[PDB]
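Novice: Attaching a single structure in structure tokens format; questions to follow.
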Amino acid sequence: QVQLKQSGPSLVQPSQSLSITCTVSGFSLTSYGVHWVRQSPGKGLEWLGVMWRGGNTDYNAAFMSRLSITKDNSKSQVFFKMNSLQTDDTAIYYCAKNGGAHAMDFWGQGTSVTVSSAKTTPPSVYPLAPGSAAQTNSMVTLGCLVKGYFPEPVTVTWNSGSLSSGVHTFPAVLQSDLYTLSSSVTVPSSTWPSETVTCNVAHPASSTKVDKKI
Amino acid sequence: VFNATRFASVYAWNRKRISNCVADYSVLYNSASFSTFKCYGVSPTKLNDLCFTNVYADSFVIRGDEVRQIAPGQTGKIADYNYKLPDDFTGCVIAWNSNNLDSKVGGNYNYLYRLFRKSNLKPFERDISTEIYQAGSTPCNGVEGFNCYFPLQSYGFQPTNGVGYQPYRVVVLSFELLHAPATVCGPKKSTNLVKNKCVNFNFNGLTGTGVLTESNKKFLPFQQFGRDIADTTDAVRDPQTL
Amino acid sequence: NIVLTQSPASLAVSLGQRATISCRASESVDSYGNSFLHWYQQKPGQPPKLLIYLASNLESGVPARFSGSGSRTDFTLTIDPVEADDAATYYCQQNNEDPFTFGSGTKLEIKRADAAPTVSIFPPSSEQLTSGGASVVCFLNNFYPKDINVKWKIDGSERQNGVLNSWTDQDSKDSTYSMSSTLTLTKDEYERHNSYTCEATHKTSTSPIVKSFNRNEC
Amino acid sequence: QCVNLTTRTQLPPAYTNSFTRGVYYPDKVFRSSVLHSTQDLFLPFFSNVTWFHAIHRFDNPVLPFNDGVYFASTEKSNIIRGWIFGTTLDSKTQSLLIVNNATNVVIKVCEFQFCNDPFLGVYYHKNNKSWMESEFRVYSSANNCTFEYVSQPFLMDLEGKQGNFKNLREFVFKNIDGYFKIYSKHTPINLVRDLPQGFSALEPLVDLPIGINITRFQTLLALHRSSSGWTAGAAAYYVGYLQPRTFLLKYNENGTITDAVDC
């Protein structure tokens, strides 16, 4: 129903500018002002700015001189003009619906902004299966290796998200123009090797979908 | 108002003016269908057989823990900025569940309520204005932003809410009785009929004790009871069929 | 410049107790009729979401355990009773004065009993060895507290160049910790020596976590 | 609206003498074959009452309602359409409006902003008559309504007829603790002059528990034209002021009041 996902940017380089467009769904753009935050650069959440109901913009002390918000009422789209991006500005930008007292009641998925001129690298998706000499206790441990991919975002799950209790996903490490991601799951012997288990990996940054049977 | 198709907000309630009719209030109190039925200053069973000048039914929705704010001698954001009742409010506040009635797929976020107002509302004062007011001495001059809060807040409506977070269809019955004619009353009990025996009676116009009989006496349909030469109780019109 | 000094950085509270996440502010108060802040909750695998606005109002969909209050400078978030599905990072938001900054974020953790980590090694598949790479992964999951140090030790010589750990914070429902240790090697390095061992030292586990495997065990 | 009629011929306020009219049942006490002495607002017998005409002379003045008013209407074309009651007859306070547009008897209490001259208009009264009403200029708007009543549908004779007076409609309006008691009586007649010399008791019509202060009143009249060049048919009404005097009520064997006596 409510969708506030971000799209638009193709390549974010350092000391350059590029616009980000956040989708507006579930409410009228002229009624609520889209808020902007980034994904915890070090300490907790940080504020970027807020757009008025068709008026002006407010920004943070650190991001006023670097970032700017532009409201397009003709296209019903919220633009976010970035300027003078550095290597430390790599983070996920989020949009939110305005509450009463400038709150953020609803949240979107956003987009992963990585400040680097490196070329796109596809993921080295391979399964982490137990060996022939591996032991078991009536349950098997399976994993998937998504290493050497760039840039963010990326999706990893098990059987398109069939299980959610025993599924665990690890955070992606911010390497030099690279990322390392992995996952793990605890399933019984009746589900593997008795049944087929497939790890679904999708890389929206490169639009690559690699499936590997364990 | 109790079976309304749509219930309005706490600040834009649908006020139904009841006048020139009868209505039983104990029929709903002992119905075992509504959750809350609390009257202030008078029991709901006592006012069932008492007339009033006017009766207003204010239909709106609030949460479980918010019903305490709508009462005499109680403060709150909804009680000060949306719907202020007087400290001597002698009315009633009826409420019942609404999760299986007003909910929809994904939740009903259409209800709203005001968090703040420039001034406190007077007793029985409705306000449907959405004017954006300023926090301090630096006004935003119109649109929202820069310490200019929007007056209305979104209302969460999910099926897995708690007992305090559950919305309730509230219907506040504000009663008033003044020197003006009492236009609102309640119905009476059933009727009986026994003839040829000295028995007590209470008809629509009078009461007393007498013997009920039948005869060929005429009576003007535009009258209720008759009197004799000495102004004594004489033949009367049946409140039922003529 | 509004810097919300949100303290403490984390909490070790057991089930059924009352957790206290404070949030200090400097500017400002008396906006309309209060000066409270908005509180949020971000899990390790979910974006943040609004729990309570202005620390004194009701919100549907969230459990009743979330409450709070606050003075003109110090604001308090109250979580009572602490259940087994509220392990996440909480924040506070300034709204009564520009900039609308946020706090540093307090990691509310469920104080469970100490436990040792598991051990399981995953040598590379036939496809990886055929291409030329050799990625070994040693998972240490279901442990408490977060104090864990994993070090790959090749039997010829300890390797600390291609090692890399991905430590996951305490999940919401799963009240234990999890970390994935990886090691990037080629087919020549994997075929160099026969036996390879995944070593690690945990605070709870008095005995060292040691599991050896051979290159032919696949 | 603010359109004043030009066909109104300025003539002095003629009056007549009621013989014994203005008597009604003062309460719901049924009696038969007795003389009931009681003090209530009745018209003194052989008293002077005004004479207003509604013809192509058209009187509709603002007359007082301090003590009590009695109505009598001799009509041959059914020109009467309703009455207006209030303190100042404007939207400053509540005003009781009674309307009879030959389809429904509407009785409402609002802040009616009455026009300079309320009336209803019958169009094309000469050729292709049809006796249809389409103009409704009783008031402009209304606010803060406290009472509303609408009768069942019907059809009143809108035929403008000539000859002698054939309809004698008499009403009484008083206030008792806000309970406005309205009376009515319709009987046929054959009259060519002022009010007839006879007797007739008026019965209760309705009881309106409104509770307003009334000091003035007006009367609705129907016009005809084939809004200043409008004329009226053939009808006249009378106004009599009530007084709290003692009167006897001669109830017959059937229980209806056939005669009365003044004090």
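Naming scheme: A, B, ... for chains in displayed order of the structure tokens; residues 1 onward per chain; ligands 1 onward as shown.
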Write out as a list in words the residues lying within 6 Å of range 144-153 of chain A, counting only C-alpha atoms and excluding same-chain residues fewer than 4 positions away.
Specialist: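 Counting only the stated atoms, we get residues 112, 120, 121, 122, 123, 124, 125, 126, 127, 128, 178, 179, 180, 181, 182, 183 and 205 of chain A.
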Novice: Write a file of the just-selected residues containing N, CA and C atoms, as a JSON list (two decimals), in the first residue's frame.
Specialist:
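New file part.json:
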```
[["chain", "number", "residue", "atom", "x", "y", "z"],
["A", 112, "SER", "N", 20.77, 2.04, -1.75],
["A", 112, "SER", "CA", 22.13, 2.00, -1.22],
["A", 112, "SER", "C", 23.01, 2.91, -2.07],
["A", 120, "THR", "N", 31.32, -1.78, -11.68],
["A", 120, "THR", "CA", 30.41, -2.77, -11.11],
["A", 120, "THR", "C", 31.01, -4.16, -11.24],
["A", 121, "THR", "N", 31.00, -4.90, -10.13],
["A", 121, "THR", "CA", 31.53, -6.26, -10.07],
["A", 121, "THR", "C", 30.39, -7.22, -9.73],
["A", 122, "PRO", "N", 30.17, -8.31, -10.46],
["A", 122, "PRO", "CA", 29.05, -9.20, -10.12],
["A", 122, "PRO", "C", 29.37, -10.03, -8.90],
["A", 123, "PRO", "N", 28.36, -10.67, -8.29],
["A", 123, "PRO", "CA", 28.63, -11.46, -7.08],
["A", 123, "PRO", "C", 29.15, -12.84, -7.41],
["A", 124, "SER", "N", 30.02, -13.35, -6.54],
["A", 124, "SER", "CA", 30.55, -14.71, -6.65],
["A", 124, "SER", "C", 29.69, -15.62, -5.78],
["A", 125, "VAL", "N", 28.47, -15.86, -6.26],
["A", 125, "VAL", "CA", 27.48, -16.62, -5.51],
["A", 125, "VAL", "C", 27.83, -18.10, -5.63],
["A", 126, "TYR", "N", 28.09, -18.74, -4.49],
["A", 126, "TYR", "CA", 28.33, -20.17, -4.41],
["A", 126, "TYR", "C", 27.74, -20.70, -3.11],
["A", 127, "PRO", "N", 27.33, -21.97, -3.07],
["A", 127, "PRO", "CA", 26.77, -22.51, -1.83],
["A", 127, "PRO", "C", 27.85, -23.04, -0.90],
["A", 128, "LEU", "N", 27.56, -22.98, 0.40],
["A", 128, "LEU", "CA", 28.43, -23.52, 1.44],
["A", 128, "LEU", "C", 27.77, -24.78, 1.98],
["A", 178, "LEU", "N", 34.58, -3.08, -2.52],
["A", 178, "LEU", "CA", 34.12, -4.46, -2.52],
["A", 178, "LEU", "C", 33.24, -4.68, -1.30],
["A", 179, "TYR", "N", 32.57, -5.83, -1.27],
["A", 179, "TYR", "CA", 31.74, -6.24, -0.15],
["A", 179, "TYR", "C", 31.81, -7.75, 0.02],
["A", 180, "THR", "N", 31.62, -8.21, 1.25],
["A", 180, "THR", "CA", 31.61, -9.63, 1.58],
["A", 180, "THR", "C", 30.34, -9.93, 2.38],
["A", 181, "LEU", "N", 29.52, -10.84, 1.87],
["A", 181, "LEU", "CA", 28.25, -11.20, 2.48],
["A", 181, "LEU", "C", 28.13, -12.72, 2.56],
["A", 182, "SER", "N", 27.47, -13.19, 3.62],
["A", 182, "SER", "CA", 27.25, -14.62, 3.82],
["A", 182, "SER", "C", 25.95, -14.81, 4.59],
["A", 183, "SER", "N", 25.52, -16.07, 4.68],
["A", 183, "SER", "CA", 24.29, -16.41, 5.38],
["A", 183, "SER", "C", 24.40, -17.82, 5.93],
["A", 205, "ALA", "N", 21.77, -3.89, -7.88],
["A", 205, "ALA", "CA", 22.73, -2.92, -8.41],
["A", 205, "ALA", "C", 23.21, -3.32, -9.80]]
```
Novice: For range 186-200 of chain B, work out the shell of residues within 10 Å, counting only C-alpha atoms and skipping chain neighbours fewer than 2 positions away, then give it as a short mmCIF file (atom, residue, chain, number, x, y, z; two decimals) with C-alpha atoms, in the first residue's frame.
Specialist:
```cif
data_model
loop_
_atom_site.label_atom_id
_atom_site.label_comp_id
_atom_site.auth_asym_id
_atom_site.auth_seq_id
_atom_site.Cartn_x
_atom_site.Cartn_y
_atom_site.Cartn_z
CA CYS B 21 -39.71 11.62 20.62
CA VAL B 22 -39.22 8.78 23.11
CA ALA B 23 -36.35 6.32 23.49
CA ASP B 24 -35.41 3.70 26.06
CA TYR B 25 -31.91 3.92 27.53
CA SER B 26 -32.10 0.86 29.80
CA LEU B 47 -32.80 8.62 33.53
CA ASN B 48 -34.62 5.95 31.48
CA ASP B 49 -37.92 7.14 33.02
CA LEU B 50 -37.07 10.86 33.10
CA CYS B 51 -37.63 13.54 30.47
CA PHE B 52 -35.05 16.00 29.14
CA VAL B 184 -37.20 14.04 25.01
CA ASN B 202 -52.28 5.00 35.63
CA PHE B 203 -53.33 6.06 32.13
CA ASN B 204 -51.48 8.43 29.79
CA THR B 207 -53.87 7.97 37.69
CA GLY B 208 -55.83 6.90 40.76
CA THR B 209 -58.08 4.05 41.83
CA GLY B 210 -61.39 3.00 40.33
CA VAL B 211 -63.47 0.28 38.69
CA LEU B 212 -63.05 -0.22 34.93
CA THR B 213 -66.29 -0.72 32.99
CA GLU B 214 -67.66 -0.33 29.45
CA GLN B 240 -55.07 2.45 22.97
#
```
Novice: Show me, as a count of residues only, the residues that have an atom within 8 Å of range 56-64 of chain B when counting only C-alpha atoms, minus same-chain residues fewer than 2 positions from it.
Specialist: 29
Novice: Within 12 Å of chain B, which residues of chain C show up when using only C-alpha atoms, listed as JSON, numbers by chain?
Specialist: {"C": [28, 29, 30, 31, 32, 33, 34, 35, 50, 51, 52, 53, 54, 56, 57, 58, 59, 60, 61, 62, 63, 64, 65, 66, 94, 95, 96, 97, 98, 99, 100]}
Novice: Residues as selected, N, CA, C and O atoms, written as a compact mmCIF listing (two decimals), in the first residue's frame, can you do that?
Specialist:
```txt
# COMPACT_ATOMS: atom_id res chain seq x y z
N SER C 28 15.30 22.26 21.97
CA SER C 28 14.74 23.16 22.99
C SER C 28 13.36 22.68 23.41
O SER C 28 12.92 21.60 23.00
N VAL C 29 12.68 23.48 24.23
CA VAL C 29 11.44 23.09 24.88
C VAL C 29 10.39 24.16 24.63
O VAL C 29 10.65 25.19 24.01
N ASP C 30 9.18 23.90 25.13
CA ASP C 30 8.02 24.79 24.99
C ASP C 30 7.75 25.12 23.52
O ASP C 30 7.77 26.27 23.09
N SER C 31 7.49 24.06 22.74
CA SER C 31 7.12 24.23 21.34
C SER C 31 5.65 24.62 21.28
O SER C 31 5.31 25.69 20.76
N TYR C 32 4.78 23.76 21.80
CA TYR C 32 3.37 24.08 21.96
C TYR C 32 2.86 23.85 23.38
O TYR C 32 2.54 24.81 24.08
N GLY C 33 2.82 22.60 23.83
CA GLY C 33 2.34 22.25 25.15
C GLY C 33 3.16 21.16 25.81
O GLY C 33 2.76 20.62 26.85
N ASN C 34 4.30 20.84 25.22
CA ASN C 34 5.19 19.81 25.73
C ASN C 34 6.52 19.98 25.01
O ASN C 34 6.67 20.85 24.15
N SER C 35 7.51 19.15 25.38
CA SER C 35 8.83 19.20 24.75
C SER C 35 9.42 17.81 24.57
O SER C 35 10.64 17.65 24.57
N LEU C 50 8.48 3.84 13.91
CA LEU C 50 8.01 4.68 15.00
C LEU C 50 7.22 3.85 16.00
O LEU C 50 6.28 3.15 15.63
N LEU C 51 7.60 3.94 17.28
CA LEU C 51 6.88 3.27 18.37
C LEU C 51 5.95 4.23 19.10
O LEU C 51 4.74 3.99 19.17
N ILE C 52 6.49 5.31 19.65
CA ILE C 52 5.74 6.26 20.46
C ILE C 52 6.17 7.66 20.06
O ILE C 52 7.37 7.97 20.07
N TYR C 53 5.21 8.50 19.70
CA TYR C 53 5.48 9.90 19.37
C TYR C 53 5.27 10.78 20.60
O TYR C 53 4.26 10.67 21.30
N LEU C 54 6.26 11.62 20.87
CA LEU C 54 6.24 12.56 22.00
C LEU C 54 6.23 11.84 23.35
O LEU C 54 5.84 12.42 24.37
N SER C 56 4.54 10.16 25.19
CA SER C 56 3.40 10.14 26.12
C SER C 56 2.08 9.82 25.44
O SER C 56 1.03 10.13 26.02
N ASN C 57 2.07 9.23 24.24
CA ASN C 57 0.86 8.98 23.48
C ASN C 57 0.80 7.50 23.10
O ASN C 57 1.74 6.74 23.31
N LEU C 58 -0.35 7.12 22.54
CA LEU C 58 -0.63 5.74 22.18
C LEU C 58 -0.40 5.52 20.69
O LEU C 58 -0.53 6.44 19.88
N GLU C 59 -0.05 4.29 20.34
CA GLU C 59 0.19 3.91 18.95
C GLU C 59 -0.21 2.45 18.77
O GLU C 59 0.19 1.60 19.56
N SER C 60 -0.99 2.19 17.73
CA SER C 60 -1.46 0.84 17.45
C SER C 60 -0.41 0.05 16.69
O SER C 60 0.49 0.61 16.06
N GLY C 61 -0.52 -1.28 16.77
CA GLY C 61 0.39 -2.19 16.10
C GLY C 61 1.60 -2.58 16.92
O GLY C 61 2.09 -3.70 16.78
N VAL C 62 2.08 -1.68 17.78
CA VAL C 62 3.24 -1.95 18.63
C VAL C 62 2.73 -2.51 19.96
O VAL C 62 1.57 -2.24 20.33
N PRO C 63 3.52 -3.28 20.70
CA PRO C 63 3.03 -3.82 21.97
C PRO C 63 2.91 -2.75 23.04
O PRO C 63 3.45 -1.64 22.93
N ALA C 64 2.17 -3.10 24.10
CA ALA C 64 1.92 -2.16 25.19
C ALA C 64 3.13 -1.97 26.10
O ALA C 64 3.11 -1.07 26.95
N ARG C 65 4.18 -2.78 25.95
CA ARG C 65 5.34 -2.69 26.83
C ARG C 65 6.10 -1.38 26.66
O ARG C 65 6.82 -0.98 27.59
N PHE C 66 5.96 -0.70 25.52
CA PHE C 66 6.69 0.53 25.26
C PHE C 66 5.97 1.71 25.90
O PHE C 66 4.80 1.98 25.58
N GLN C 94 14.89 14.70 17.71
CA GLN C 94 14.55 16.08 18.04
C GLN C 94 13.51 16.60 17.04
O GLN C 94 13.65 16.40 15.83
N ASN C 95 12.46 17.24 17.56
CA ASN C 95 11.41 17.81 16.74
C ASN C 95 11.00 19.22 17.15
O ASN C 95 10.30 19.88 16.37
N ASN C 96 11.41 19.70 18.32
CA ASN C 96 11.03 21.02 18.81
C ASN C 96 11.99 22.12 18.39
O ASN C 96 11.77 23.28 18.73
N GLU C 97 13.06 21.79 17.66
CA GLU C 97 14.01 22.80 17.22
C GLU C 97 14.85 22.22 16.09
O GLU C 97 15.19 21.03 16.10
N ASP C 98 15.16 23.07 15.12
CA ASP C 98 16.00 22.70 13.99
C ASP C 98 17.48 22.81 14.38
O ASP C 98 17.86 23.78 15.04
N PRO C 99 18.36 21.87 14.00
CA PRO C 99 18.19 20.64 13.20
C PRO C 99 17.49 19.51 13.96
O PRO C 99 17.62 19.40 15.17
N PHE C 100 16.75 18.68 13.22
CA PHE C 100 16.03 17.54 13.79
C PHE C 100 16.95 16.32 13.83
O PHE C 100 16.70 15.29 13.21
```
Novice: Could you write out, as a PyMOL selection string, all the residues of range 59-211 of chain B that DSSP marks as helix (DSSP H, G or I)?
Specialist: chain B and resi 77-82+99-102
Novice: Once you count only C-alpha atoms, what closest atom pair and distance in Å to one decimal does each residue of chain A within 7 Å of chain C have, with rows by chain and rising residue number, as JSON lines?
Specialist:
```
{"residue": "A:43", "atom": "CA", "partner": "C:104", "partner_atom": "CA", "distance": 5.0}
{"residue": "A:44", "atom": "CA", "partner": "C:104", "partner_atom": "CA", "distance": 4.3}
{"residue": "A:45", "atom": "CA", "partner": "C:102", "partner_atom": "CA", "distance": 5.9}
{"residue": "A:46", "atom": "CA", "partner": "C:102", "partner_atom": "CA", "distance": 5.8}
{"residue": "A:47", "atom": "CA", "partner": "C:101", "partner_atom": "CA", "distance": 5.1}
{"residue": "A:59", "atom": "CA", "partner": "C:99", "partner_atom": "CA", "distance": 6.6}
{"residue": "A:60", "atom": "CA", "partner": "C:99", "partner_atom": "CA", "distance": 5.1}
{"residue": "A:61", "atom": "CA", "partner": "C:1", "partner_atom": "CA", "distance": 6.1}
{"residue": "A:101", "atom": "CA", "partner": "C:95", "partner_atom": "CA", "distance": 6.6}
{"residue": "A:102", "atom": "CA", "partner": "C:95", "partner_atom": "CA", "distance": 6.1}
{"residue": "A:103", "atom": "CA", "partner": "C:38", "partner_atom": "CA", "distance": 6.8}
{"residue": "A:104", "atom": "CA", "partner": "C:50", "partner_atom": "CA", "distance": 6.5}
{"residue": "A:105", "atom": "CA", "partner": "C:50", "partner_atom": "CA", "distance": 5.5}
{"residue": "A:107", "atom": "CA", "partner": "C:49", "partner_atom": "CA", "distance": 6.8}
{"residue": "A:128", "atom": "CA", "partner": "C:122", "partner_atom": "CA", "distance": 5.7}
{"residue": "A:129", "atom": "CA", "partner": "C:122", "partner_atom": "CA", "distance": 6.2}
{"residue": "A:130", "atom": "CA", "partner": "C:122", "partner_atom": "CA", "distance": 5.6}
{"residue": "A:131", "atom": "CA", "partner": "C:218", "partner_atom": "CA", "distance": 4.2}
{"residue": "A:132", "atom": "CA", "partner": "C:218", "partner_atom": "CA", "distance": 5.1}
{"residue": "A:133", "atom": "CA", "partner": "C:217", "partner_atom": "CA", "distance": 5.6}
{"residue": "A:170", "atom": "CA", "partner": "C:168", "partner_atom": "CA", "distance": 5.6}
{"residue": "A:171", "atom": "CA", "partner": "C:166", "partner_atom": "CA", "distance": 6.1}
{"residue": "A:173", "atom": "CA", "partner": "C:166", "partner_atom": "CA", "distance": 6.7}
```
Novice: Could you save the residues just selected, with N, CA, C and O atoms, as a short mmCIF file (atom, residue, chain, number, x, y, z; two decimals), in the first residue's frame?
Specialist:
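What follows is the written file again04.cif:
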```
data_model
loop_
_atom_site.label_atom_id
_atom_site.label_comp_id
_atom_site.auth_asym_id
_atom_site.auth_seq_id
_atom_site.Cartn_x
_atom_site.Cartn_y
_atom_site.Cartn_z
N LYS A 43 27.93 6.32 14.68
CA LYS A 43 26.92 6.31 15.73
C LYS A 43 25.54 6.11 15.12
O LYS A 43 25.43 5.75 13.94
N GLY A 44 24.48 6.34 15.90
CA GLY A 44 23.13 6.08 15.45
C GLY A 44 22.68 6.92 14.26
O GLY A 44 23.50 7.53 13.57
N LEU A 45 21.36 6.95 14.03
CA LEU A 45 20.80 7.60 12.86
C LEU A 45 21.20 9.07 12.81
O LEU A 45 21.50 9.69 13.83
N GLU A 46 21.23 9.62 11.59
CA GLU A 46 21.57 11.02 11.35
C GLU A 46 20.53 11.65 10.43
O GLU A 46 19.99 10.98 9.55
N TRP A 47 20.27 12.93 10.64
CA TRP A 47 19.26 13.66 9.90
C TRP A 47 19.91 14.38 8.73
O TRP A 47 21.00 14.94 8.86
N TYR A 59 17.78 21.65 6.69
CA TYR A 59 18.86 20.68 6.63
C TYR A 59 19.60 20.65 7.96
O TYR A 59 19.40 21.50 8.83
N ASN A 60 20.45 19.65 8.11
CA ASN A 60 21.28 19.48 9.29
C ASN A 60 22.52 20.37 9.19
O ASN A 60 22.87 20.86 8.11
N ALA A 61 23.18 20.57 10.33
CA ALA A 61 24.35 21.43 10.37
C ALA A 61 25.47 20.89 9.49
O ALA A 61 26.25 21.66 8.92
N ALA A 101 4.00 15.94 14.65
CA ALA A 101 5.10 16.78 15.12
C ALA A 101 6.40 16.40 14.43
O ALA A 101 7.40 16.06 15.06
N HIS A 102 6.38 16.49 13.10
CA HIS A 102 7.55 16.20 12.26
C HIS A 102 8.08 14.79 12.49
O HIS A 102 9.28 14.53 12.38
N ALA A 103 7.18 13.86 12.82
CA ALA A 103 7.57 12.48 13.06
C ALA A 103 7.68 11.72 11.74
O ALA A 103 7.34 12.22 10.67
N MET A 104 8.15 10.48 11.85
CA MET A 104 8.31 9.57 10.71
C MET A 104 7.49 8.32 11.01
O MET A 104 8.01 7.34 11.55
N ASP A 105 6.21 8.36 10.64
CA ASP A 105 5.32 7.24 10.95
C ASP A 105 5.61 6.04 10.06
O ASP A 105 5.74 4.92 10.56
N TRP A 107 7.94 4.18 6.82
CA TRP A 107 9.29 4.10 6.29
C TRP A 107 9.30 3.31 4.99
O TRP A 107 8.43 2.45 4.76
N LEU A 128 27.56 -22.98 0.40
CA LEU A 128 28.43 -23.52 1.44
C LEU A 128 27.77 -24.78 1.98
O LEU A 128 26.99 -24.73 2.93
N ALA A 129 28.10 -25.92 1.36
CA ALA A 129 27.53 -27.21 1.72
C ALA A 129 28.49 -28.00 2.60
O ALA A 129 29.70 -27.81 2.52
N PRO A 130 27.99 -28.90 3.45
CA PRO A 130 28.90 -29.71 4.27
C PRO A 130 29.58 -30.78 3.43
O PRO A 130 29.05 -31.25 2.42
N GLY A 131 30.78 -31.16 3.86
CA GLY A 131 31.54 -32.17 3.17
C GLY A 131 31.06 -33.57 3.49
O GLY A 131 30.16 -33.79 4.31
N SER A 132 31.67 -34.55 2.82
CA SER A 132 31.31 -35.94 3.03
C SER A 132 31.65 -36.43 4.43
O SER A 132 30.94 -37.29 4.96
N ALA A 133 32.71 -35.90 5.03
CA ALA A 133 33.11 -36.28 6.39
C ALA A 133 32.43 -35.44 7.46
O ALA A 133 32.72 -35.64 8.65
N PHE A 170 24.04 -12.29 7.74
CA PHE A 170 25.12 -11.55 8.34
C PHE A 170 25.30 -10.20 7.65
O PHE A 170 24.91 -10.04 6.49
N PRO A 171 25.86 -9.19 8.33
CA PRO A 171 26.01 -7.88 7.68
C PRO A 171 27.13 -7.88 6.66
O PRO A 171 28.13 -8.60 6.79
N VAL A 173 30.32 -6.41 4.94
CA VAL A 173 31.46 -5.62 5.37
C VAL A 173 31.80 -4.60 4.28
O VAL A 173 31.84 -4.93 3.09
#
```
Novice: At a cut-off of 8 Å, can you tabulate as a Markdown table every residue of chain A near chain B together with its closest atom pair and the distance in Å to one decimal, using only C-alpha atoms and ordering rows by chain then number?
Specialist:
```
| residue | atom | partner | partner_atom | distance |
| --- | --- | --- | --- | --- |
| A:1 | CA | B:106 | CA | 7.6 |
| A:33 | CA | B:144 | CA | 7.8 |
| A:50 | CA | B:145 | CA | 7.7 |
| A:51 | CA | B:145 | CA | 7.4 |
| A:52 | CA | B:145 | CA | 5.2 |
| A:53 | CA | B:143 | CA | 5.4 |
| A:54 | CA | B:143 | CA | 7.1 |
| A:55 | CA | B:143 | CA | 6.5 |
| A:57 | CA | B:145 | CA | 8.0 |
| A:58 | CA | B:146 | CA | 7.0 |
| A:99 | CA | B:153 | CA | 6.3 |
| A:100 | CA | B:153 | CA | 4.8 |
| A:101 | CA | B:149 | CA | 4.8 |
| A:102 | CA | B:149 | CA | 6.4 |
```
Novice: Write a file of the selected residues as a short mmCIF file (atom, residue, chain, number, x, y, z; two decimals), in the first residue's frame, keeping N, CA, C and O atoms.
Specialist:
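Generated file (again_33.cif):
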```cif
data_model
loop_
_atom_site.label_atom_id
_atom_site.label_comp_id
_atom_site.auth_asym_id
_atom_site.auth_seq_id
_atom_site.Cartn_x
_atom_site.Cartn_y
_atom_site.Cartn_z
N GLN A 1 0.85 -1.23 0.00
CA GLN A 1 0.00 0.00 0.00
C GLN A 1 0.86 1.26 0.00
O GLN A 1 0.81 2.06 -0.93
N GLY A 33 5.38 16.14 4.13
CA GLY A 33 6.74 16.44 3.73
C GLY A 33 7.66 15.26 3.96
O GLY A 33 7.81 14.78 5.09
N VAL A 50 14.39 17.95 5.55
CA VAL A 50 12.95 17.75 5.42
C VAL A 50 12.41 18.81 4.47
O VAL A 50 12.83 19.97 4.51
N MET A 51 11.48 18.40 3.61
CA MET A 51 10.86 19.28 2.64
C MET A 51 9.50 19.75 3.16
O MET A 51 8.74 18.96 3.71
N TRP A 52 9.22 21.03 2.97
CA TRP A 52 7.95 21.59 3.42
C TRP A 52 6.83 21.15 2.48
O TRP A 52 7.05 20.46 1.48
N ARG A 53 5.60 21.53 2.82
CA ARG A 53 4.44 21.24 1.97
C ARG A 53 4.37 22.23 0.80
O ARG A 53 3.46 23.05 0.69
N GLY A 54 5.36 22.14 -0.07
CA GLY A 54 5.43 23.01 -1.23
C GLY A 54 6.10 24.34 -0.99
O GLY A 54 5.85 25.29 -1.74
N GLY A 55 6.95 24.44 0.03
CA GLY A 55 7.61 25.68 0.40
C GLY A 55 9.12 25.62 0.29
O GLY A 55 9.67 25.64 -0.82
N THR A 57 13.09 24.26 2.39
CA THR A 57 13.74 23.07 2.93
C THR A 57 14.56 23.44 4.16
O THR A 57 15.02 24.57 4.30
N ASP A 58 14.72 22.46 5.05
CA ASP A 58 15.58 22.56 6.21
C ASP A 58 16.57 21.40 6.18
O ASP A 58 16.25 20.31 5.71
N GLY A 99 4.60 12.81 10.14
CA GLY A 99 3.58 12.66 11.15
C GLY A 99 2.98 13.99 11.53
O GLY A 99 2.88 14.92 10.72
N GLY A 100 2.58 14.09 12.79
CA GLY A 100 2.07 15.35 13.31
C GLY A 100 3.18 16.31 13.67
O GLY A 100 3.31 17.38 13.06
N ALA A 101 4.00 15.94 14.65
CA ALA A 101 5.10 16.78 15.12
C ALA A 101 6.40 16.40 14.43
O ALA A 101 7.40 16.06 15.06
N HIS A 102 6.38 16.49 13.10
CA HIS A 102 7.55 16.20 12.26
C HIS A 102 8.08 14.79 12.49
O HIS A 102 9.28 14.53 12.38
#
```
Novice: Can you list, as JSON, numbers by chain, all residues belonging to range 13-235 of chain B that DSSP tags as strand (DSSP E)?
Specialist: {"B": [14, 15, 16, 17, 18, 21, 22, 36, 37, 38, 39, 54, 55, 56, 57, 58, 59, 60, 61, 62, 63, 92, 93, 94, 95, 96, 97, 112, 113, 114, 152, 153, 154, 167, 168, 169, 170, 171, 172, 173, 174, 175, 176, 184, 185, 198, 199, 200, 201, 202, 207, 208, 209, 210, 211, 225, 226, 227, 233, 234, 235]}
